[PDB]
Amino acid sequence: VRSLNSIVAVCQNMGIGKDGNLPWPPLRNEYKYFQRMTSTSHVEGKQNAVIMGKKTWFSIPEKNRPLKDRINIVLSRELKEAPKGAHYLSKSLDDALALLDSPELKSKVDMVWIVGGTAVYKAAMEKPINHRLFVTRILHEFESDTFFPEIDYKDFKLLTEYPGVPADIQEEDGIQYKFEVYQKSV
């Protein structure tokens, strides 16, 4: 494909989860940011595709699957068939990428978003393709048992500005956070 997009929220230690869920209680504004960023396509009659690992898919409340208005792709070396609600099942990132390039998908899909977990992010990170990483840095220490892979500061350059991403420190429910965008160019 042309380029990937990755979106994650991280607390101070780069933690992204705890016990199968997020490390922090719900932040409204963070949420809407995710829905908005992942769902919004810049082309009529096109839909965005989201890619995620098995543990992440299941983390989503059942009645809430699949993420409305996007093509849900789950990665798993173990599942035989796509979990109930997913659109496609794939064995590796590569398979996922290939599926996307296929005739039927080729045309129905706008942007591709990697929504985790660790291994998905990592895999996407290493592909020598154009890639933009949308990070929400939550300026607090919540205990996490899952972490964001290490990012290559030589490859991913932090943008100083980007359209429609507030640049100031935000706050909600007594917690502050900041939005950051890194860009990898091949």
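The first residue of the shown sequence is 1; numbering continues from there.
Set 129-137 against 40-48 and average the Cα temperature factors; 40-48 ends up higher. 111-119 and 83-91 differ in mean CA B-factor, and the higher of the two is recorded for 83-91. Per the PDB record, residue ranking by Cα B-factor puts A9 in the lowest third of the chain. Sort the chain's modelled residues by C-alpha temperature factor and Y31 lands in the highest third, per the entry.
Ranked by C-alpha B-factor against the other modelled residues of its chain, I169 falls in the middle third. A96 sits in the middle third of its chain by CA B factor, as recorded in the PDB entry. Among the modelled residues of its chain, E150 has a C-alpha B-factor that falls in the middle third according to the deposited record.
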